[PDB]
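What follows is each chain in one-letter form.
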There are 2 protein chains.
Amino acid sequence: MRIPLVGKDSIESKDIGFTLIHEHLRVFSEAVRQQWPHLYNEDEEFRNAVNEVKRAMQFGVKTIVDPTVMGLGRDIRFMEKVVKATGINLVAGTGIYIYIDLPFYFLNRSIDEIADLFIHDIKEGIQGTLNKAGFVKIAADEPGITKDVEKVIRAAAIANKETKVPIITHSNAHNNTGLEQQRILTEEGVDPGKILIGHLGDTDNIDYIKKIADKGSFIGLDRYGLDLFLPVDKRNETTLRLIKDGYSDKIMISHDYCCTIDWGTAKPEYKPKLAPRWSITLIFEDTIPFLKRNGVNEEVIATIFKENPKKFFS
Amino acid sequence: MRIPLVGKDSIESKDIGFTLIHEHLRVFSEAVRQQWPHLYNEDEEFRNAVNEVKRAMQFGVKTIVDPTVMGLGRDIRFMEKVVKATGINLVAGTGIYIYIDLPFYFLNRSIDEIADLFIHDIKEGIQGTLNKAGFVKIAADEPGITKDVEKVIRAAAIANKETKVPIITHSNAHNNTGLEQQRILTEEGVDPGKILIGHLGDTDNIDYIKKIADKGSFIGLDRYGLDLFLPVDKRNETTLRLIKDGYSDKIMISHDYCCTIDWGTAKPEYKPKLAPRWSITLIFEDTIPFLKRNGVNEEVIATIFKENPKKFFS
Ligand SMILES: CCCCCCCCCC(=O)N[C@H]1CCSC1=O
Ligand SMILES: CCCCCCCCCC(=O)N[C@H]1CCSC1=O
Ligand SMILES: [Co+2]
Ligand SMILES: [Co+2]
Ligand SMILES: [Fe+2]
Ligand SMILES: [Fe+2]
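Residues numbered from 1 in each chain as written, not as in the entry; some residues may be left out. Chains lettered and ligands numbered in written order. Heavy atoms only, no water.

Comments concerning the side chain of A:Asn89
All names here are of chain A.
- Mapped onto the secondary structure, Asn-89 falls in strand 3 (residues 89-92).
- At 2.9 Å, the side chain of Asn-89 and the side chain of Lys-8 are in polar contact.
- When near neighbours in sequence (up to four residues on either side) are disregarded, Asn-89 contacts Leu-5, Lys-8, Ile-11, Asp-15, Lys-62, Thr-63 and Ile-64. (Helix = DSSP H or I, 4+ residues; strand = E, 2+ residues; numbered from the N terminus. Polar contact = N/O pair within 3.5 Å; in protein donor to acceptor, adjacent residues only side chain to side chain. Contact = heavy atoms within 4.5 Å.)

Things to note about the site of ligand 2
Residues and elements named next belong to chain B.
- Around ligand 2 lies a shell of 16 residues, among which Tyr-97, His-170, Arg-223, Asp-256 and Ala-266 are the nearest.
- One of the side-chain nitrogen or oxygen atoms of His-170 is found 3.2 Å away from an oxygen atom of ligand 2.
- Across the complex, the protein chains shield 97% of the 490 Å² of accessible surface that ligand 2 would expose by itself.
- Of the residues in the shell around ligand 2, the class split is eleven nonpolar, three polar and two charged. (Near = heavy atom within 4 Å. Areas by Shrake-Rupley, 256 points an atom, 1.4 Å probe, with all protein chains shown as cover. Nonpolar A, V, L, I, M, F, W, Y, C, P; charged D, E, K, R; others polar.)

What to know about the packing of aromatic side chains
- Evaluated as defined, the whole model comprises 27 aromatic pairs over all chains.
- When the centroid spacing of 5.1 Å and the interplanar angle of 70° are considered together, the rings of A:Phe104 and B:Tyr99 count as edge-to-face. On the criterion of chain membership, the pair formed by A:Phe104 in the loop between strand 4 (94-95) and helix 4 (111-123) and B:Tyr99 in the loop between strand 6 (94-95) and helix 4 (111-123) is interchain, its members lying in two chains.
- Taking the relative accessible area as the measure of exposure, B:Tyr99 reaches 17% and is therefore buried.
- An angle of 85° between the planes, with centres 5.7 Å apart, marks the rings of B:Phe218 and B:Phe312 as edge-to-face. With B:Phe218 in strand 10 (residues 218-221) and B:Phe312 in helix 11 (residues 298-312), this pair connects stretches of sequence that are 94 residues apart. Just as B:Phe218 is buried, B:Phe312 falls in that class too.
- Here a set of aromatic residues connected by ring pairs shows up, and it is made of A:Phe18, A:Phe59, A:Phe284 and A:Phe305.
- Sitting over the ring of A:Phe28, A:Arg33 keeps its end group 4.6 Å from the ring centre.
- For B:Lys81, the ring lying beneath its charged end belongs to B:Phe46, and the centroid distance is 5.4 Å. (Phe/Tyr/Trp six-rings, centres within 6.5 Å; stacked < 30°, edge-to-face > 60°. Buried < 20%, exposed > 50% of the residue type's maximum accessible area, 1.4 Å probe, protein only. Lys NZ or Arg CZ within 6 Å of the ring centre and 35° of its normal.)

Quick notes on the layout of surface pockets
- When its volume is computed, the second largest pocket comes out at roughly 370 Å³.
- Residue lining of the second largest pocket: 15 residues in total, with A:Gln34, A:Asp75, A:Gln127, B:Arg33 and B:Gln34 positioned closest to the centre.
- Of all the elements in the fold, those that place two or more residues in the lining of the second largest pocket are helix 1 (30-35) of chain A together with helix 1 (30-35) of chain B.
- Taken together, the residues of the lining of the second largest pocket sort by class into three nonpolar, three polar and nine charged. (1 Å grid on protein atoms, 1.4 Å probe; cavity = no way out; pocket = protein on both sides within 12 Å on 5 of 7 lines; lining within 4 Å. Points joined across faces, edges and corners; volume = space filled by probe spheres on them.)

Considerations on helix 11 of chain B
- Between its first and last C-alpha atoms helix 11 of chain B spans 20 Å; for 15 residues at 1.5 Å apiece the expected length is 21 Å, and the two agree.
- In helix 11 of chain B, a bend of some 35° at B:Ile304 exceeds every other bend along the element. (Expected span 1.5 Å × (residues − 1). Bend = angle between axes of the 7 residues up to and from the residue.)

Thoughts on the pattern of salt bridges
- Summed over the entire model, instances satisfying the criterion amount to 43 salt bridges over all chains.
- Among the ionic pairs, A:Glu180 bridges to A:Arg183, the shortest N-O distance being 2.9 Å. One end of the pair, A:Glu180, and the other, A:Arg183, are both in helix 6 (residues 177-187), three residues apart, so they sit about a helical turn from each other.
- For B:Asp15, the salt bridge is made with B:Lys14, and the minimal N-O distance between the two is 3.7 Å.
- A residue is classified by how much of its surface remains accessible, and B:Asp15, at 35% relative accessible area, is partly exposed.
- Given the relative accessible area of 52%, B:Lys14 is considered exposed.
- Connected through salt bridges with shared partners, the residues A:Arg26, A:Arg33, A:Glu42, A:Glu45 and A:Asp75 form a single ionic network. (Salt bridge = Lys/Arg side-chain N within 4 Å of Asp/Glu carboxyl O.)

Let's talk about helix 5 (residues 147-163) of chain B
Residue and element names in this part refer to chain B.
- Between its terminal C-alpha atoms helix 5 stretches 25 Å, which fits the 24 Å expected from 17 residues at 1.5 Å a residue.
- Tucked into the core, helix 5 has its buried residues touching helix 4, strand 7 (136-139), strand 8 (167-170) and helix 6 (177-187).
- Looking at where helix 5 begins, the residue whose side-chain oxygen comes 3.5 Å from the main-chain nitrogen of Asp-148 is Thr-146.
- Where helix 5 terminates, the next one or two residues include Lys-164, which has phi positive at roughly 75°.

Structure representation (structure tokens):
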């Protein structure tokens, strides 16, 4: 049935349960890990991913969706190991994560060649395995929609038309990259309701966030805990106002938490400064209680974390 | 022993023999191969590499230096297997190959943090292995000297001043990037004679080439066979002109041959169109016979292929 799971038989979308739509078990740069393996510890990385997932399950999370793709160090065999040790429903994805240019391989290669790579992961399997991709992940940031960023977007559209898997995105909340990701995809024939425009929760500008929701796509209020982008209390208030204005239809919430990440911006000793409370269960400790005592019905919590993910994969 | 070798004990610079200063056994994008291994055949890659090196050895090549680094899919273990199968002297290196930006790993990481990686490869070994790097490889192309490109160059300088190993560069002949690479490296305290400014053979402009030579660095006439950058005959007239003008003390010659390469611009089928005669032995078949016909004797060939690489690694 039409949702593939890492190390498990597939399930129907109605069986997804409580879902976290955007969480990384591990992130690394493929090129630097390949060249300098001494910078990494797989024992620590497995210990962290298992600990976080187990705690996620304790709070009632049934399914985690992980958009670690090319550029972010996707590893399906690490993901199987985490599944076997926890029992979680894990949805793996395909795609390319870039800000400016594609890797040299892609020099003079068509959009169709790029789409064939995604369709491979969806139909055949990931990294010589039999685990399939459940979605396509794309990215854009400060540099905007560059020539290569766009090729990858249109390639994601071809994958969706051909397989009916949904599309998750990375955008900079301060550009209109999300508005442009949505525009290109829908022009290519992708159903707006099959798109999650990510990182809209990094901004207060509710006029911009509603513009994407008004066009039919889900909105990623998905970086809860990352105070360097936007503090938790401004996020909570943006979330509350959107619900009050009648947008729980399109709202999806997550942490974008990485149990381990190799970026120089990450580490401990920056966590107290930049993201003090950032973990995989923060919405349970803060966001959900906050909303409950500010007039938000239990029905709304069900829409955001159950009905919206189910629809997204339907 | 000064110079370290793959799969072999190190040698003195004087026993280097006839050398090809810039050739690739295999090049691939690291992120692409890790995520989509169905695109690659290793048996075919090994076979292509062994056969090329065998022809070079028959023609008298004792040593090959391979500037494949991060971004080009360096693989010390694949390099080991080729050494075993032929018996060639192979000099591996360290460094970073980028045109625009560094991998996400390097976000807010110091130039010294980059230098430490190069130094680890030179002093400790490559990829969990006891084989050591004998030079540092850096790059710049059309986008010019970006802030990440400049960072890698300045890091190469630290590795050279700390380990004494020479620096090989990739440049765009039409940009001034080679002259800028030399300027930045010398301003940092690098001996001009420990620098090879690459891909200067891609241009007619003898004034630009001589400029770099006058400042004390080796000049890279190193892409023989790649007619799309500059055809063999126009390369021959520039090489001959430079030798006649007295510049053989600074000339280095190679082909930049890739036994396999995953770049889409380099599909083996564009070969007859873009680089028909390109192989690891073109200079034995065309260039050297051309120079000999034109009056340059055997001792001048010995300077370029034996004495200059010796100086470089001394
Ligand atoms: C102490 C933690 C530092 C704050 C994290 C800053 C890094 C930016 C957020 C971030 O981690 N973005 C990456 C990670 C997952 S995929 C992706 O897009
Ligand atoms: C086979 C058809 C001819 C096109 C050659 C492909 C592009 C030029 C050769 C080439 O791509 N060299 C690259 C690879 C190593 S370093 C570098 O900058
Ligand atoms: Co993101
Ligand atoms: Co090059
Ligand atoms: Fe993410
Ligand atoms: Fe090269």
